[PDB]
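# Analysis of the macromolecular model
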Amino acid sequence: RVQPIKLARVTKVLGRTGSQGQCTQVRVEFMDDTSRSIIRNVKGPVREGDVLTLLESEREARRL
Amino acid sequence: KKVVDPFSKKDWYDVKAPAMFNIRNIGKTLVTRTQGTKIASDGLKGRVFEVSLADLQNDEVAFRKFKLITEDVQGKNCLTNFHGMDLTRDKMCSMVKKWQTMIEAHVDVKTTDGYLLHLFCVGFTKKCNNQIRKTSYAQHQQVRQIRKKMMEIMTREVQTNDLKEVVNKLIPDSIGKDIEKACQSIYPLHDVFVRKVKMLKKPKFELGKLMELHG
Amino acid sequence: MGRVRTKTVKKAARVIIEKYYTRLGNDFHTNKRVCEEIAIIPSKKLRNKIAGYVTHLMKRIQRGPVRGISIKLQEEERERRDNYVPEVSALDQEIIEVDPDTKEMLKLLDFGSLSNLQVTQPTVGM
Amino acid sequence: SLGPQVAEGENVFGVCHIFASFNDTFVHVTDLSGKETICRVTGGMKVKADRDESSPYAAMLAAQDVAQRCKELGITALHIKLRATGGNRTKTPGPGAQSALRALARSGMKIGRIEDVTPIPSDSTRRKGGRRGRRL
Amino acid sequence: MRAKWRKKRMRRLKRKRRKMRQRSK
Amino acid sequence: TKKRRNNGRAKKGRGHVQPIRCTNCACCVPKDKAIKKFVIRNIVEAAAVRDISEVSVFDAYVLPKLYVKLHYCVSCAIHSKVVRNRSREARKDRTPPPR
RNA sequence: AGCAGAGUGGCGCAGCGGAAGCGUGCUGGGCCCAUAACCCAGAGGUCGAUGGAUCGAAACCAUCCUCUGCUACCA
RNA sequence: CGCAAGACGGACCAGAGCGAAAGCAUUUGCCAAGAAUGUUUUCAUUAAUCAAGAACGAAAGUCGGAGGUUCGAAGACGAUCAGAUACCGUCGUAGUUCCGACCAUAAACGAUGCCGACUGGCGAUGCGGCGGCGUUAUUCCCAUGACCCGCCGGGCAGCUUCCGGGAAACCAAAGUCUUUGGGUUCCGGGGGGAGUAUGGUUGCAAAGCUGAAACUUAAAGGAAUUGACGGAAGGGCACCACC
RNA sequence: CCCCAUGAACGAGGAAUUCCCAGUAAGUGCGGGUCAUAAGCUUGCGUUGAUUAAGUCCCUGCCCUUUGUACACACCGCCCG
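So, here's what we can say about the structure. (Residues numbered from 1 in each chain as written, not as in the entry; some residues may be left out. Chains lettered and ligands numbered in written order. Part of a larger assembly, values for the part shown. Heavy atoms only, no water.)

### Side note on the protein's contact with RNA strand H
- Taken together, the neighbourhood of RNA strand H is formed by 72 residues, with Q100, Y137 and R147 of chain B together with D123 and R135 of chain D sitting nearest.
- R133 of chain B places a polar side-chain atom, nitrogen or oxygen, 3.1 Å from a phosphate oxygen of RNA strand H.
- The side chain of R88 of chain F places a nitrogen or oxygen atom 3.2 Å from a sugar or linking oxygen of RNA strand H.
- Among the elements of the structure, β8 (102-110) and α3 (140-159) of chain B together with α1 (2-24) of chain E are those that each provide at least two residues to the surface near RNA strand H.
- No other element matches α1 of chain E, which puts 7 residues into the surface near RNA strand H. (Near = heavy atom within 4 Å. Polar contact = N/O pair within 3.5 Å; in protein donor to acceptor, adjacent residues only side chain to side chain. Helix = DSSP H or I, 4+ residues; strand = E, 2+ residues; numbered from the N terminus.)

### Focus on the pairing of strand β7 (residues 77-85) of chain B
Residue and element names in this part refer to chain B.
- Here β7 lies mainly inside the structure; 7 of its 9 residues are buried.
- Inspection of the sheet shows strand β2 (residues 14-16) paired to β7 by 3 bridges, in the parallel sense. Within β7, the residue paired with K16 across the bridge is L79.
- In this sheet, β7 lies alongside strand β6 (residues 66-73) in antiparallel orientation, the contact comprising 7 bridges. Following the sheet pairing, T70 is matched in β7 by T80.
- Hairpin connection, β6 to β7: the antiparallel pair is bridged by 3 residues, and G75 has positive phi, about 50°. (Buried < 20%, exposed > 50% of the residue type's maximum accessible area, 1.4 Å probe, protein only. Pairing = 2+ DSSP bridges.)

### Regarding the interface of chain F and chain D
- Counting residues at the interface gives 26 residues for chain F, matched by 27 residues for chain D.
- At the boundary of chain F with chain D, total buried surface from both sides reaches about 2,200 Å², with 58% on carbon and sulfur atoms.
- The largest per-residue losses of area from chain F upon contact with chain D belong to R21, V55 and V57 of chain F, which jointly make up 24% of the total buried on that side.
- At the boundary of chain F with chain D, the tally comes to 2 salt bridges.
- A salt bridge links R106 of chain D to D51 of chain F; the nearest nitrogen and oxygen atoms lie 3.6 Å apart.
- Linking chain F to chain D there are 11 residue pairs in polar contact.
- Listing elements by their share of the side of chain F that touches chain D, those giving two or more residues are α1 (49-53) and β4 (65-72) of chain F.
- The biggest single contributor to the side of chain F that touches chain D is β4 of chain F, with 3 residues.
- Class assignment for the residues of the side of chain F that touches chain D results in 19 nonpolar, 2 polar and 5 charged. (Contact = heavy atoms within 4.5 Å. Buried area = accessible area lost by both parts, 1.4 Å probe. Salt bridge = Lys/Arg side-chain N within 4 Å of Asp/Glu carboxyl O. Nonpolar A, V, L, I, M, F, W, Y, C, P; charged D, E, K, R; others polar.)

### Digging into the interface of chain F and chain B
- Each side of the interface is counted separately: chain F has 4 residues, and chain B has 4 residues.
- The junction of chain F with chain B conceals about 340 Å² of combined surface from both sides, 67% of it contributed by carbon and sulfur atoms.
- If you sort the residues of chain F by the area they bury against chain B, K36, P64 and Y67 of chain F come out on top, with a joint share of 77%.
- Applying the counting criterion to the chain F and chain B interface returns 0 residue pairs in polar contact.
- Per-class residue counts for the side of chain F that touches chain B are 2 nonpolar, no polar and 2 charged.

### Thoughts on the pairing of strand β4 (residues 37-42) of chain D
Residues and elements named next belong to chain D.
- As paired strands, strand β3 (residues 26-30) and β4 are joined by 4 bridges and run antiparallel to one another. The partner of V27 across the bridge, within β4, is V41.
- Between β3 and β4, which pair antiparallel one after the other, the connecting turn spans 6 residues, and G34 there sits at a positive phi close to 85°.

### Details of α3 of chain B
Residue and element names in this part refer to chain B.
- If you check α3, its first and last C-alpha atoms are 29 Å apart, about what 20 residues at 1.5 Å a residue would give, namely 28 Å.
- Listed as buried for α3 are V143, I146, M150, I153, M154, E157 and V158. Along the long axis of α3, the arc covered by the buried residues comes to 110°, so they all point the same way.
- Of the surrounding elements, those touching the buried residues of α3 are β8, β9 (116-124), α4 (163-170), α5 (174-182) and β10 (192-197).
- Looking one or two places after α3, you find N161, whose phi comes out positive at around 85°. (Expected span 1.5 Å × (residues − 1). Arc of directions from axis to C-beta.)

### Some words on the packing of helix α1 (residues 7-19) of chain C against helix α3 (residues 45-61) of chain C
Residues and elements named next belong to chain C.
- Interaxial distance between α1 and α3 falls to 9 Å at its minimum, and their mutual angle equals 60°. The angle between α1 and α3 places the two elements in the oblique class. For the element pair α1 and α3, the recorded crossing hand is right-handed. From α1, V9, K10, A13, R14, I16 and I17 reach across to α3, where they touch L46, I50, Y53, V54, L57 and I61. (Axes fitted to C-alpha atoms, helices over the stretch in contact; angles between N-to-C directions. Parallel < 35°, antiparallel > 145°, perpendicular 65-115°, else oblique. Left-handed = near helix turned anticlockwise from the far one by under 90°.)

### Some remarks on the sheet that holds strand β2 (residues 23-29) of chain A
Residue and element names in this part refer to chain A.
- Spatially, 4 strands are ordered β3-β2-β1-β4 in an open sheet, and the strand pairing comes out antiparallel. Two strands close off the open sheet at either side, each with one partner strand: β3 (37-42) and β4 (51-52).
- In this structure, β2 lies alongside β3, joined through 6 bridges in antiparallel fashion. When the bridges of β3 are listed, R27 appears paired with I39.

Below is the structure:
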């Protein structure tokens, strides 16, 4: 939306979800706040410690 | 309505509580500016104002909400009057639980003045001192005593003692605590609260008696 | 991956450690050549496995006792724990006294010495 | 837009009246008294699809606008009253209850208190669906 | 449901015979 | 023969009971055959608790809880999977499984 | 005769200012172990005549004829 | 924010209680009734089970009045479907409620007659009585209530096993049965035809009770075991599956 | 089999569907087989050599347990007016 482009980085990978394992739950640290953390769904193959490019942190994951 | 800028045609106000409350600044409201087809005060009186107990006393619990009605307006300050107290949901729910016997009664009662009230109380049985039993149920005979004695106390203290002194006893809840000890012999009991009071009838405005509260 | 050891390895590995405990080192290569001489393993790849498990067992046998096989020095220390423990030589500390309702039994059975009295409160959980 | 003449160290407290459950979410910010009120926004106004009116983001997008017009006026803090449908119905919050709070708080508005209010009978009239109830 | 229907079709049929015999006389 | 001994959940010594309605099948069953699930949750739910609690005007405040008593029926219990099929010798427990 | 419709490109109904429009049928393919249901694919071509605007005319608009529908008479 | 109408007694409410069964949850009072227990009171066999006959008896339905919020057969629509008189959505009459008469039926199921005797163990719960080393509540009290421990009755139930029984499932009764007999009522005879035919009787109506045969057929049915199957549940696996 | 001449459909393909995870897919040639004459086939071999995944039970199917069954010619079963 009218939020500027955010950047947030992985702290840990949780497990794979979706109905073919195509989605991946992941925990991410906000990269400006070190006590803030949100759970996300990320499509691509990820390792740990890599940075994403979030368009919002209003969105939050809860299920497949 | 759909008048142009309909929150720049409104007039702010303040709402003042009785002198018995330590913090008397309740909050703020707004009505539309006067027209000859309907004046400010006529659209401002007869409201209800839910306010917490903690908000006003500033020493104590966040439950025992009071309703207050604006009976008079005085130059951008809206003075209030008692209307009846109520209680939260979660507190009322949490106390109710399995393996207890809930005890309830009400009375219609009159004050020394012309105010008329209709109080609703509650008691719960105690999970006792060192039970190995998993029940706390009581006989039916025992309950009807406790209800009789919960009415007897709550009529004595409210039939005498004028409107303001009633309120003064309910804020620390001296009323409920008195019942808890007086019923203790026939079953110990933990908890007494007055979940509602509903001001049913009330006397004339009486400006002299009015300003006593806001003195 | 995979490669979970079969029972043919685990059967003979235990046997070979019991009867040739002394010959073992903790190196792979030395434990291989010993198994080659004290027995014949008819394959080469099989030999390289049985050595490696014999090595992996011998690591743990130098700690507490394994429950799949026995060696001599453990049965020594077994016997040493099971013939005297340093905790007592006295029975039990020689004098122990008891509270009443035991004293009443002893009264009716001709005993009347070495007692204390405490008459502990009612009752169960109370 | 004209607010009151002081709000510098104090706050002005409105009541938020969040509505819960399915096929609908309201957010309706009012006075302390609730007698008069300000803007009122629905998830059916943000999102048109007739099936995303109860969705999280539709409830968030609603409150993301409503919370602007609050601070525009001078209302800065909010007591919260909840409402699930009740009346011998589901009597349980929808999805868009948790949702709107998380959005409106972080937009910048203060939260003062929160409570549950739901209309719960002490046993009242028969529920629609018949003896055998809905199936399929 | 099945038996309760077999008892019902034969009930209405029995009623019709009564009417038809009452009609005949 | 019987796959029960109670033949309900309890109807011992009592000729009739007042029935009660399922919350999501909209069905009608007895009170003492209905699956009785009481529920405790926080109002705000624990994901956004940090983002809310900081933004309080008070310096402390314990949050309310959400108290609801739910009655499910036989079919709407199995389908939402609060219960499941169990073995022949494993139906004789009365005991709730621990948390 | 007043009013209305049409004068096939498989059928039947004839859709509109972009050369088959709609519904249906036939034939073939797909799905399925198979059938039904369901999903796709077709077909020589001023569409009665005489004219005008037009890039073009069953279809944009006229002048004529014929067949029918409703109404109805000259004969 | 106030008012009106009708309906309804949540959470608390439980393998808890009461009633012959059907059934029975807001307050307070009145009216009559009953079980269990206590008793060194009374009567002295006054009993048990039952053709005839009698009372009560869910819901729906019928007749006459009142009422009609809510839900809602019927009916009218909207979808889904090749079809869809259905499941689903909207509207909605009878009915749902109360008063006075009828109707006598239900998986009215513990699918298990009533009365009596004898035969294992263990822990609970509701009610009465009895005893107590213990704490607590009020006038410090006693009398008493609350909690704790044990004992004796009768009541709703549970757990446990080579009591014994049963085809098994299971059951301290469905046990004490070829070693067959405590008392007594009701009722059953392969599967269909059929709760039909017919006559009797009751009912305003709807129907209830009582109840055959001709003919047809070698299976119908119960419990348990092994497979296969499931638009059942929980795990695991495959580029002849998917992403 | 060779030489000259003739010069069509076809200008990236509907509904559907196959196969494949590392010297692998794809492109490209060669040997053997049948063979008197003759591979667009099959079986092997080299050469050039990617993209995408490091998963899942959604579809299709398979293994194990539990559960239900009027099925055992085994759901492509059985059975009603």
